[PDB]
Each structure stands twice: as C-alpha cells, then as structure tokens.
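Chemist: Structure provided below as structure tokens; questions to follow.
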Amino acid sequence: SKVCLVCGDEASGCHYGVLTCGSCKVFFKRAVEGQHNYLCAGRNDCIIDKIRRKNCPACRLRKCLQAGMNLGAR
Amino acid sequence: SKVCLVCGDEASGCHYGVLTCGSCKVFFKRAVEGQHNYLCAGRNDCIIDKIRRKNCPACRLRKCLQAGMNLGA
DNA sequence: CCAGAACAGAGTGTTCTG
DNA sequence: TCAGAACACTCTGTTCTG
Ligand SMILES: [Zn+2]
Ligand SMILES: [Zn+2]
Ligand SMILES: [Zn+2]
Ligand SMILES: [Zn+2]
C-alpha cells in the first residue's frame, strides 16, 4: 500500500510529479499559486505527518519542493 | 497601546488574569475546557506571535499557562 | 472592563468527473 | 492512470451582549 512522500499518509498516486496523498496534492497547487503568510515557528525541520501536517505549511511546502513537485513545463 | 503577553498582538484587556489579545483569550478557554489533539511538530519551543500563533496550538497553550492564565481569576 | 455568546473566516481535505 | 472543481469541516478570531 503506497505512502505519500511528503506527509506519510496513504497515497492515491503520482501528483505533479510525485507520489502523494490527495491533501498534499491540493495543498501544493494552492501554495504555489496563492498568497500566504507561511513562516516556520520552529527550526525549518518540522515533522510533517498526518496528525501534524497542518502545523507548519512552510515546512510542508518545503517538503513538496524538495521532493520535486512541480506544475509542469514553464 | 499594550501588547499581548502570549502572541504579542494588540491586547484587548486583562483576560483570565493576563494581559492578552482577544484571540488568545478564547483560544485558552477552548483549549482548557474542550478536547483536542494538539501535538508539537517542533522541539516544544515554537515561536508564538500573530503570524505564527495558529502553527502550534500546543506551544500556544503551554505559553498561555506559563503566563499564568486561569479560568478562575 | 470583562466573560461568554453569537457570528464569520482561513485553511484544509474529500468526493466527484472526464 | 491524474488534474481540477467545489462542498463541508475544524479550528480560529471578531463583533455583540449582559
Ligand atoms: Zn501527504
Ligand atoms: Zn516548520
Ligand atoms: Zn495573543
Ligand atoms: Zn510547538
């Protein structure tokens, strides 16, 4: 059974280039195209799992990017 | 004017014993009375300010309590 | 002035569709 | 196969009332 490379939850398939859960899929699209105040309250090392993924959108987006998510050819 | 001792925002008065903004007032009553599953994603030192106070309710609650907030006062 | 109620929003996560 | 739309919810924050 397949696991999200970002938050560890159960993954539906490959989204924006990366094996991810549905919530990480849509969070990534929204973060890149949106305007948000995202600032880590930590050390930019926050644990991102299902229970805590809402805690630090800044670390979550970082994980999306470092995993290689992208919206396609520029 | 005066600053919230929890998140640093603009303080609306003395709530539950501590100089506090309005958001932190109701966050605290909800946190102490209800049931949540707050879990720190960090090292339990998270920065609590207006920009980030939503990030870590657990660190926020610890900070409210360390400041001396209580539903009795 | 302050506590609690009432009211409203941000951000999130799911179901549905082709 | 995966991307997008759009509703429903959770926690949150502000205005209102006593
Ligand atoms: Zn995920
Ligand atoms: Zn973080
Ligand atoms: Zn505050
Ligand atoms: Zn924390």
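As shown in the structure tokens, the chain order sets the letters A, B, ...; within each chain, residues go from 1, and ligands are also counted from 1 in the order they appear.
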Could you name the residues that touch stretch 65-73 of chain A at 12 Å or less, counting only C-alpha atoms (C1' of nucleotides), but leaving out those on the same chain fewer than 4 positions away, as JSON, numbers by chain?
Modeler: {"A": [4, 5, 6, 7, 14, 15, 16, 17, 18, 19, 20, 24, 25, 26, 27, 28, 29, 30, 31, 32, 33, 58, 59, 60, 61], "D": [3]}
Chemist: Quick one: write out the picked residues with N, CA and C atoms (P, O5', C5', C4', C3', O3' and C1' of nucleotides) as a short mmCIF file (atom, residue, chain, number, x, y, z; two decimals), in the first residue's frame?
Modeler:
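So the final result, stored in part.cif, reads:
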data_model
loop_
_atom_site.label_atom_id
_atom_site.label_comp_id
_atom_site.auth_asym_id
_atom_site.auth_seq_id
_atom_site.Cartn_x
_atom_site.Cartn_y
_atom_site.Cartn_z
N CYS A 4 2.54 8.55 0.85
CA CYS A 4 2.89 9.93 0.47
C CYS A 4 4.31 10.27 0.89
N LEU A 5 5.09 10.78 -0.06
CA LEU A 5 6.48 11.14 0.18
C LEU A 5 6.58 12.42 1.02
N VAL A 6 5.51 13.20 1.06
CA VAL A 6 5.50 14.40 1.87
C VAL A 6 5.09 14.18 3.33
N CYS A 7 3.84 13.76 3.55
CA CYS A 7 3.32 13.57 4.91
C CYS A 7 3.19 12.13 5.44
N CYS A 14 0.52 9.42 -8.33
CA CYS A 14 1.55 10.40 -8.60
C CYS A 14 0.91 11.74 -8.96
N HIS A 15 1.21 12.79 -8.19
CA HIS A 15 0.64 14.10 -8.48
C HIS A 15 1.73 15.14 -8.64
N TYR A 16 1.64 15.92 -9.72
CA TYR A 16 2.61 16.96 -10.02
C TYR A 16 4.02 16.40 -9.91
N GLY A 17 4.15 15.14 -10.32
CA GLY A 17 5.44 14.50 -10.47
C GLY A 17 5.85 13.63 -9.30
N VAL A 18 5.05 13.62 -8.23
CA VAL A 18 5.49 12.95 -7.01
C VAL A 18 4.39 12.09 -6.39
N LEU A 19 4.75 10.93 -5.85
CA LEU A 19 3.76 10.10 -5.18
C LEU A 19 3.29 10.79 -3.88
N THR A 20 2.01 11.13 -3.84
CA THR A 20 1.47 11.96 -2.77
C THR A 20 0.02 11.63 -2.50
N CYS A 24 -2.01 16.57 0.10
CA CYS A 24 -0.73 17.19 -0.27
C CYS A 24 -0.77 17.69 -1.72
N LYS A 25 -1.46 16.95 -2.58
CA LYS A 25 -1.67 17.37 -3.96
C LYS A 25 -2.25 18.76 -4.00
N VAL A 26 -3.38 18.95 -3.33
CA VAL A 26 -4.12 20.18 -3.49
C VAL A 26 -3.46 21.29 -2.68
N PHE A 27 -2.82 20.93 -1.57
CA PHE A 27 -2.06 21.92 -0.80
C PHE A 27 -0.93 22.52 -1.65
N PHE A 28 -0.27 21.69 -2.44
CA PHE A 28 0.83 22.18 -3.24
C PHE A 28 0.37 23.18 -4.30
N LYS A 29 -0.66 22.81 -5.06
CA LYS A 29 -1.24 23.71 -6.05
C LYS A 29 -1.62 25.06 -5.41
N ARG A 30 -2.31 24.99 -4.28
CA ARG A 30 -2.77 26.20 -3.62
C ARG A 30 -1.62 27.07 -3.12
N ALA A 31 -0.53 26.44 -2.68
CA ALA A 31 0.55 27.19 -2.04
C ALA A 31 1.34 27.97 -3.08
N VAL A 32 1.62 27.31 -4.20
CA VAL A 32 2.40 27.90 -5.30
C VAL A 32 1.67 29.03 -6.01
N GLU A 33 0.36 28.89 -6.17
CA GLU A 33 -0.41 29.89 -6.91
C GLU A 33 -0.98 30.94 -6.00
N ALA A 58 4.80 26.01 6.02
CA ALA A 58 6.13 26.33 5.49
C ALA A 58 7.00 25.09 5.33
N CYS A 59 7.09 24.24 6.35
CA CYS A 59 7.86 23.01 6.19
C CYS A 59 7.17 22.06 5.21
N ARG A 60 5.84 22.06 5.17
CA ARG A 60 5.16 21.17 4.23
C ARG A 60 5.47 21.52 2.76
N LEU A 61 5.41 22.80 2.41
CA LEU A 61 5.72 23.25 1.07
C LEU A 61 7.18 22.94 0.75
P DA D 3 -1.31 15.39 -12.02
"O5'" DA D 3 -2.36 16.54 -12.37
"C5'" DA D 3 -2.50 16.94 -13.71
"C4'" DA D 3 -3.77 17.74 -13.87
"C3'" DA D 3 -3.91 18.89 -12.89
"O3'" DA D 3 -4.38 20.04 -13.56
"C1'" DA D 3 -5.76 17.41 -12.68
#
Chemist: What residues in chain A get the DSSP label strand (DSSP E or B)? Please answer as a VMD selection string.
Modeler: chain A and resid 3 10 13 to 15 18 to 20
Chemist: List all protein, DNA and RNA residues that have an atom no more than 7 Å from any atom of ligand 2, counting only C-alpha atoms (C1' of nucleotides) and all ligand atoms, and report them as a count of residues only.
Modeler: 10
Chemist: Within 12 Å of chain C, which residues belong to chain B? Use only C-alpha atoms (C1' of nucleotides) and report them as a tab-separated table (two decimals) with N, CA and C atoms, in the first residue's frame.
Modeler:
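That gives us part37.tsv:
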chain	number	residue	atom	x	y	z
B	12	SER	N	-6.41	43.41	24.12
B	12	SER	CA	-7.75	43.97	24.30
B	12	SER	C	-8.14	44.09	25.77
B	13	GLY	N	-7.24	43.73	26.67
B	13	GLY	CA	-7.51	43.86	28.09
B	13	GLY	C	-6.86	42.79	28.94
B	14	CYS	N	-7.34	42.65	30.18
B	14	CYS	CA	-6.81	41.65	31.08
B	14	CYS	C	-7.78	40.47	31.13
B	15	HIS	N	-7.40	39.35	30.53
B	15	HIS	CA	-8.30	38.22	30.38
B	15	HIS	C	-7.78	36.99	31.10
B	16	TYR	N	-8.62	36.41	31.95
B	16	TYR	CA	-8.26	35.20	32.69
B	16	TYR	C	-6.96	35.43	33.44
B	17	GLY	N	-6.77	36.66	33.92
B	17	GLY	CA	-5.61	37.01	34.73
B	17	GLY	C	-4.39	37.60	34.02
B	18	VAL	N	-4.39	37.64	32.70
B	18	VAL	CA	-3.18	38.05	31.98
B	18	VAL	C	-3.49	39.05	30.87
B	19	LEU	N	-2.60	40.03	30.67
B	19	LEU	CA	-2.78	40.98	29.59
B	19	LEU	C	-2.71	40.23	28.27
B	20	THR	N	-3.78	40.31	27.48
B	20	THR	CA	-3.98	39.31	26.46
B	20	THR	C	-4.82	39.85	25.32
B	22	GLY	N	-7.65	39.23	22.11
B	22	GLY	CA	-8.94	38.57	22.11
B	22	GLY	C	-8.87	37.14	21.60
B	25	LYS	N	-7.44	34.93	24.37
B	25	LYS	CA	-8.46	34.73	25.40
B	25	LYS	C	-9.36	33.53	25.09
B	26	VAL	N	-9.97	33.53	23.91
B	26	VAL	CA	-10.90	32.46	23.59
B	26	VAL	C	-10.16	31.16	23.24
B	29	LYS	N	-9.70	29.41	26.68
B	29	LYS	CA	-10.89	28.83	27.29
B	29	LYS	C	-11.28	27.57	26.54
B	30	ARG	N	-11.23	27.64	25.21
B	30	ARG	CA	-11.48	26.47	24.39
B	30	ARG	C	-10.46	25.34	24.65
B	54	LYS	N	-1.27	30.31	15.08
B	54	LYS	CA	-2.04	29.17	14.61
B	54	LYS	C	-1.20	27.90	14.36
B	55	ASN	N	0.11	28.07	14.11
B	55	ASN	CA	1.00	26.93	13.81
B	55	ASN	C	1.01	25.84	14.87
B	71	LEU	N	-8.93	30.09	34.38
B	71	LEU	CA	-10.36	30.36	34.23
B	71	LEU	C	-11.00	30.83	35.53
B	72	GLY	N	-10.30	30.68	36.64
B	72	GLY	CA	-10.79	31.20	37.91
B	72	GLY	C	-10.69	32.71	38.12
B	73	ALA	N	-9.51	33.27	37.83
B	73	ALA	CA	-9.12	34.64	38.21
B	73	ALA	C	-10.24	35.69	38.13
Chemist: Using only C-alpha atoms, tabulate the residues of chain B lying at most 12 Å from any atom of chain A, each with its closest atom pair and that distance in Å to one decimal, by chain and increasing residue number, as a tab-separated table.
Modeler:
residue	atom	partner	partner_atom	distance
B:36	CA	A:51	CA	11.5
B:37	CA	A:51	CA	8.4
B:38	CA	A:52	CA	8.4
B:39	CA	A:52	CA	6.7
B:40	CA	A:52	CA	7.5
B:41	CA	A:47	CA	5.0
B:42	CA	A:46	CA	5.2
B:43	CA	A:42	CA	7.5
B:44	CA	A:42	CA	8.7
B:45	CA	A:42	CA	7.4
B:46	CA	A:41	CA	5.1
B:47	CA	A:41	CA	4.9
B:48	CA	A:41	CA	7.2
B:49	CA	A:41	CA	8.8
B:50	CA	A:37	CA	10.6
B:51	CA	A:37	CA	7.0
B:52	CA	A:41	CA	6.2
B:53	CA	A:41	CA	8.5
B:54	CA	A:55	CA	7.6
B:55	CA	A:55	CA	4.6
B:56	CA	A:55	CA	5.8
B:57	CA	A:55	CA	8.4
B:58	CA	A:55	CA	10.0
B:59	CA	A:41	CA	10.0
B:60	CA	A:41	CA	11.1
Chemist: To check your reading of the model: which residues sit at most 7 Å from ligand 3 when counting only C-alpha atoms (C1' of nucleotides) and all ligand atoms? Write the answer as a PyMOL selection string.
Modeler: chain B and resi 4-9+11+20-24
Chemist: For a test of reading the model, state the distance in Å between atom CA of residue B:68 and atom CA of residue B:31, rounded to one decimal.
Modeler: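 Here the two named atoms are 14.4 Å from each other.
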Chemist: Near chain A, meaning an atom within 10 Å, which residues of chain D appear when counting only C-alpha atoms (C1' of nucleotides)? Write them as an mmCIF file with N, CA, C and O atoms (P, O5', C5', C4', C3', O3' and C1' of nucleotides), in the first residue's frame.
Modeler:
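Here's the written file selection_25.cif:
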data_model
loop_
_atom_site.group_PDB
_atom_site.id
_atom_site.type_symbol
_atom_site.label_atom_id
_atom_site.label_comp_id
_atom_site.auth_asym_id
_atom_site.auth_seq_id
_atom_site.Cartn_x
_atom_site.Cartn_y
_atom_site.Cartn_z
ATOM 1 O "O5'" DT D 1 -3.082 8.083 -10.690
ATOM 2 C "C5'" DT D 1 -4.040 7.505 -11.614
ATOM 3 C "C4'" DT D 1 -3.355 6.720 -12.734
ATOM 4 C "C3'" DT D 1 -2.379 7.518 -13.570
ATOM 5 O "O3'" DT D 1 -1.110 7.503 -12.971
ATOM 6 C "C1'" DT D 1 -3.779 6.223 -14.982
ATOM 7 P P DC D 2 -0.611 8.743 -12.079
ATOM 8 O "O5'" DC D 2 -1.571 9.944 -12.490
ATOM 9 C "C5'" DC D 2 -1.225 10.765 -13.562
ATOM 10 C "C4'" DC D 2 -2.146 11.948 -13.606
ATOM 11 C "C3'" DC D 2 -1.991 12.916 -12.432
ATOM 12 O "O3'" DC D 2 -1.794 14.187 -12.949
ATOM 13 C "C1'" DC D 2 -4.261 12.406 -12.810
ATOM 14 P P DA D 3 -1.308 15.394 -12.018
ATOM 15 O "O5'" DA D 3 -2.356 16.536 -12.374
ATOM 16 C "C5'" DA D 3 -2.503 16.944 -13.713
ATOM 17 C "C4'" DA D 3 -3.772 17.736 -13.868
ATOM 18 C "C3'" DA D 3 -3.909 18.892 -12.889
ATOM 19 O "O3'" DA D 3 -4.378 20.040 -13.560
ATOM 20 C "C1'" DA D 3 -5.761 17.414 -12.676
ATOM 21 P P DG D 4 -4.384 21.449 -12.803
ATOM 22 O "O5'" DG D 4 -5.929 21.703 -12.508
ATOM 23 C "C5'" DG D 4 -6.857 21.667 -13.583
ATOM 24 C "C4'" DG D 4 -8.273 21.572 -13.064
ATOM 25 C "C3'" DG D 4 -8.642 22.618 -12.009
ATOM 26 O "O3'" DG D 4 -9.677 23.445 -12.519
ATOM 27 C "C1'" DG D 4 -9.394 20.432 -11.403
#
Chemist: Within 12 Å of chain B, which residues of chain D are there when counting only C-alpha atoms (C1' of nucleotides)? Please give them as a list in words.
Modeler: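 The selection requested is residues 10, 11, 12, 13, 14 and 15 of chain D.
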